Amino acid sequence: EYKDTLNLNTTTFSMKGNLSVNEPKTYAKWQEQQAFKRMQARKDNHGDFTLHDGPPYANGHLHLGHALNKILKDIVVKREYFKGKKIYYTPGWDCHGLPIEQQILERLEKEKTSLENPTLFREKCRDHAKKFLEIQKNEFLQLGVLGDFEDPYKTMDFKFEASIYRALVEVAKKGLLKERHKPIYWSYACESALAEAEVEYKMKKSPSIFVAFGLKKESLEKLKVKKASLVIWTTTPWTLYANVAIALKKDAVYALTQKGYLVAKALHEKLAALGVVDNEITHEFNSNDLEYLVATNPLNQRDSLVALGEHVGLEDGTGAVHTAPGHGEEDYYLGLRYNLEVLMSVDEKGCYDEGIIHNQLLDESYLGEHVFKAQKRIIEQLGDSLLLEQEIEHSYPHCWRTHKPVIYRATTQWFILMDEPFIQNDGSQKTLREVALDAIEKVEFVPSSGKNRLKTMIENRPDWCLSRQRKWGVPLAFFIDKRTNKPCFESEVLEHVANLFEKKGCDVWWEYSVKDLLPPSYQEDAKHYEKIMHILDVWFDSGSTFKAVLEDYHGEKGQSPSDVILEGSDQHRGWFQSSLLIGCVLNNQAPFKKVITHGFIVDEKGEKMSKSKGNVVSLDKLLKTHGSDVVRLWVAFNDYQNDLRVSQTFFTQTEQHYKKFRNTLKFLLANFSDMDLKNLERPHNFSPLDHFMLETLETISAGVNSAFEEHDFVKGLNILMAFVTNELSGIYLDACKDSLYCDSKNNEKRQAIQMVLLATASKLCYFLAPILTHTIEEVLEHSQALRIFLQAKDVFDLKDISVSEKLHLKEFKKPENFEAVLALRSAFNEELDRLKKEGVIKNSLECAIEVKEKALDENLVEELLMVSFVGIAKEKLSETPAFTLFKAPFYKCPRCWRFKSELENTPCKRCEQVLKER
Ligand SMILES: C/C(=C\C(=O)OCCCCCCCCC(=O)O)C[C@@H]1OC[C@H](C[C@@H]2O[C@H]2[C@@H](C)[C@H](C)O)[C@@H](O)[C@H]1O
Ligand SMILES: [Zn+2]
């Protein structure tokens with residue numbers, strides 16, 4: 001009957017987020033009003049923070065991994081902004097390379113067409129990247145992320161292409177860029193060399209054969225046996241044509257069987273059990289005595305030299321290794337060590353060429369045949385020399401963009417050398433491997449385990465092949481002097497080319513003549529120079545972003561080294577490594593101080609998302625289903641260092657966390673909305689319960705901040721949520737509802753409660769603003785009191801506030817100790833539950849309690865236990881060692897529902913006064 005006489009305590013801040021409607025309006029506003037530039041221009045910026053963006057490929061729409069990545073970057077950046085620092089965060093895009101060029105190739109072929117003109121082909125590639133750079137930029141902004149998205153970096157900008165080339169120039173001037181001729185990864189489907197980061201290892205079925213190479217007559221006479229054939233094991237019959245040698249383990253015993261097969265003795269038992277060779281050994285020979293004997297290749301009748309390899313393994317195979325220098329790296333060095341032929345008759349498309357006829361290595365019927373299609377017919381040609389064929393499965397290197405298996409071909413390519421000493425900037429002498437290992441020890445990794453992942457790769461990596469045979473990318477734009485057959489690294493030549501690139505882009509490398517590309521002083525000798533037309537590994541491009549973005553803009557986009565880079569843990573094999581290596585040539589240090597990694601988006605069963613599996617969840621679908629602030633809370637509230645599973649159950653839990661945060665903020669705003677703002681300019685007398693809350697607010701704030709400092713948003717959101725749920729909602733807001741709703745608006749106890757709620761809302765806003773930025777922006781939009789209190793027009797004016805100073809607290813005020821009264825509260829609530837089960841009582845306000853520890857504040861007990869009366873009464877309900885509960889000897893007040901009225905249906909003394917209010 002008196003509900004209309006209570007304090008309204010409502011706010012326009014709504015319970016329902018309606019995120020699908022309101023978030024795009026918030027983000028459109030931040031773009032229109034240039035919130036990021038306003039963040040950078042903030043007048044009281046103190047300190048600097050550079051996060052250097054790793055560039056996604058400008059191909060396709062964003063997937064959930066991009067969203068994960070940019071949200072985490074956004075939280076880290078916003079944290080530093082709200083700490084008061086000046087922010088540098090320029091997002092960028094990877095525009096070159098097969099990731100763009102392959103999509104153009106697949107379209108041309110689907111359209112049944114070709115495009116041979118180099119300038120036009122690069123134009124199609126460039127326009128494709130421009131289209132999807134726009135698409136990804138606006139998709140990034142729909143996640144609520146703030147960065148220099150209107151002035152991002154692009155590896156396709158002419159200045160950027162000049163920067164990438166100038167980095168290459170520094171490598172070449174330091175003596176680390178050299179030509180090598182050796183077998184390397186060859187992708188026949190795109191007719192290009194590859195390096196490790198462009199290769200994906202996948203299980204693949206393969207023939208597996210054991211082949212007998214008979215010793216030649218004179219070798220049998222030297223060995224003093226009638227029959228002997230070395231048995232090799234190989235999974236690549238397509239390289240048998242290129243055999244020049246059979247490599248044995250140094251100083252090892254080889255067993256000759258009765259049928260005349262020669263194998264490593266340590267492997268004879270296994271081989272006989274496989275049925276490869278017979279079981280009876282007749283003679284044992286040391287491999288040192290077999291070296292320089294000669295066998296015969298059964299496929300083509302050619303000589304094969306018996307050699308000793310370095311580190312021949314005896315765990316698989318036969319202990320005798322078919323050695324093909326044109327198709328294996330260790331084979332190649334063995335062939336050179338013995339001055340043997342390098343047979344390599346497989347062309348760029350992976351097919352046998354005329355060289356099989358010229359040297360008589362393989363029958364003419366194989367001309368033009370792809371090496372992988374030829375293998376079945378090769379195996380049949382082996383006849384009786386084939387001792388056993390099996391089919392096995394092994395992890396095999398595949399091209400990262402055509403998805404086809406690679407092969408190896410001896411070829412001349414350009415490398416960054418790992419174990420080549422070079423002159424350091426401080427004058428000393430060190431290899432790149434040594435510098436990179438030193439540099440890693442100075443980088444902070446989050447998690448720490450990332451260090452040894454990257455360190456192990458550096459310890460084991462080979463020389464870095466740089467040259468690729470595609471068209472879309474930055475050329476290795478050096479001339480070869482025909483008079484010397486060596487590259488021209490003259491500073492005048494290199495910088496002249498770099499300047500042309502900066503002004504017109506690398507197109508001119510294909511269009512201009514040699515004379516036109518040479519300085520005026522060299523054009524009389526243009527006849528002696530020839531362009532290198534290979535382009536750079538795209539991992540060199542992105543490995544150069546630190547130079548093109550941080551250094552070449554002299555701090556305007558961040559410092560080099562950056563404070564933080566943040567990408568998936570798959571970038572130890574990619575961007576972390578290439579940036580580390582180039583940083584170490586140019587600066588002899590890593591171009592980052594700290595690396596934070598995250599895992600991958602996976603499905604509900606932790607499995608990888610793929611179109612073949614039909615388990616891909618699109619970014620659009622997820623945002624539309626849940627809203628970006630929920631997707632952002634999902635990220636921060638979960639162990640993002642590992643894989644994150646998408647499932648209804650986990651998003652339901654996050655929506656429940658978001659609702660609790662949002663409902664709590666609504667209650668706070670609603671219950672200080674009527675507070676006279678003059679309270680903000682005067683101190684108050686806070687109760688012990690108020691002090692307990694402010695002292696608690698401080699304690700958990702320190703813990704949320706320490707957790708967020710170490711990027712452990714889970715630990716920090718759990719602290720924050722536990723405070724919201726337990727101390728705030730469960731204790732304080734329950735004890736306070738009566739005063740808030742039923743006391744006079746002039747009541748100073750109520751005004752002191754509102755000040756605590758205002759300080760609490762202020763801390764919630766500060767700590768959630770990096771994560772739920774839209775929502776905290778919406779909180780300030782709906783609360784004039786919060787905006788005045790925090791002196792904030794919008795979310796970007798937020799600062800960490802001193803509650804002690806804003807509420808005028810005395811410094812040496814001793815903290816509350818509520819342990820004794822909270823144990824009583826817990827024991828009373830356990831006893832009250834039992835009485836409620838029995839039906840004796842319905843709620844705590846129906847009770848009186850006499851506490852047996854008389855040293856406790858009686859009004860605090862009434863407040864925390866929500867009893868209507870502290871002391872003795874007449875009707876005993878139950879008793880414990882700690883207290884005795886009674887029925888409260890009053891009527892329920894019709895206005896406040898507390899059992900404090902002396903007459904039935906009559907307002908209590910407090911309520912009567914409030915109702916008389918003049
Ligand atoms: C979290 C990741 C993947 C994921 O989890 O993605 C899974 C997305 C879910 C659905 C899959 C989409 C289609 C599935 C299918 O059909 O196959 C890994 C991270 O990604 C973002 C960033 C990509 C930038 O380019 C990298 C730069 C730095 C370097 C120079 O290249 C980077 O941070 C990366 O490390
Ligand atoms: Zn009352």
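Both counts, for ligands and for their atoms, begin at 1 and track the order of listing. Just the heavy atoms: all of them, side chains too, but no hydrogens, waters or symmetry mates, feed the values below. We number each residue from 1, following the sequence as shown.
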So is [X] polar-close to ligand 1, meaning N/O to N/O under 3.5 Å?
X	result
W539	no
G568	yes
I601	yes

Which residue supplies the protein heavy atom nearest to [atom], what is that atom called, and how far is it?
atom	answer
atom 21 (C) of ligand 1	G65 O, 3.6 Å
atom 22 (C) of ligand 1	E567 OE1, 3.8 Å
atom 2 (C) of ligand 1	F600 CD2, 3.6 Å
atom 19 (C) of ligand 1	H598 CE1, 4.0 Å
atom 26 (C) of ligand 1	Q571 NE2, 3.9 Å
atom 27 (C) of ligand 1	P55 O, 3.5 Å

Say whether [X] and ligand 1 are in contact under the criterion: heavy-atom distance to a ligand atom below 4.0 Å.
X	result
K608	no
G599	yes
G574	no

query: Does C893 bring an N, O or S atom to within less than 2.8 Å of the Zn ion (ligand 2)?
result: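 Coordinating: yes.
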Hey, which atoms in ligand 1 end up nearer than 4.0 Å to a heavy atom of [X]?
X	value
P56	24 (C), 25 (O)
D570	18 (C), 34 (C), 35 (O)
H63	6 (O), 8 (C), 12 (C)
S542	30 (C)
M609	9 (C), 10 (C), 14 (C), 15 (C), 17 (O)
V616	10 (C), 13 (C), 14 (C), 16 (O)

Quick one: does any side-chain atom of [X] pair with a main-chain N or O of [Y] as donor and acceptor, under 3.5 Å?
X	Y	answer
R895	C742	yes
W93	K130	no
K613	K608	yes

field: Ring centroid separation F713 to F708 under 6.0 Å
entry: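 Judged by ring-centre distance (under 6.0 Å), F713 and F708 do meet the cut-off.
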Quick one: do the [X] and [Y] side chains pair a donor with an acceptor below 3.5 Å?
X	Y	answer
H61	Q136	no
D552	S163	yes
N69	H598	yes

Determine, for [X] against [Y], whether the closest basic-nitrogen to carboxylate-oxygen distance falls under 4.0 angstrom.
X	Y	answer
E150	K137	yes
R468	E198	yes
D738	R898	yes
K73	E567	yes
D674	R750	yes

Report the part of [X] in contact with ligand 1, treating N, CA, C, O as backbone and CB onward as side chain, heavy atoms under 4.0 Å; options are side chain, backbone, both, neither.
X	value
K611	both
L566	neither
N69	side chain
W93	neither

Residues 861-870 side chain polar contacts: donor-acceptor under 3.5 Å, at least two apart:
residue : atom : partner : partner atom : Å
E862    : OE2  : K900    : NZ           : 2.9
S868    : OG   : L845    : O            : 2.5
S868    : OG   : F899    : N            : 3.1

query: For atom NZ of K745, is the number of surrounding heavy atoms from other residues, nucleotides or ligands below 6.0 Å larger than 12?
result: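 Count over threshold, so yes.
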Apex the Zn ion (ligand 2) - arms SG from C908 and SG from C896 - angle rounded to 10°: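 Angle SG(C908)-the Zn ion (ligand 2)-SG(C896): 110°, rounded to 10°.
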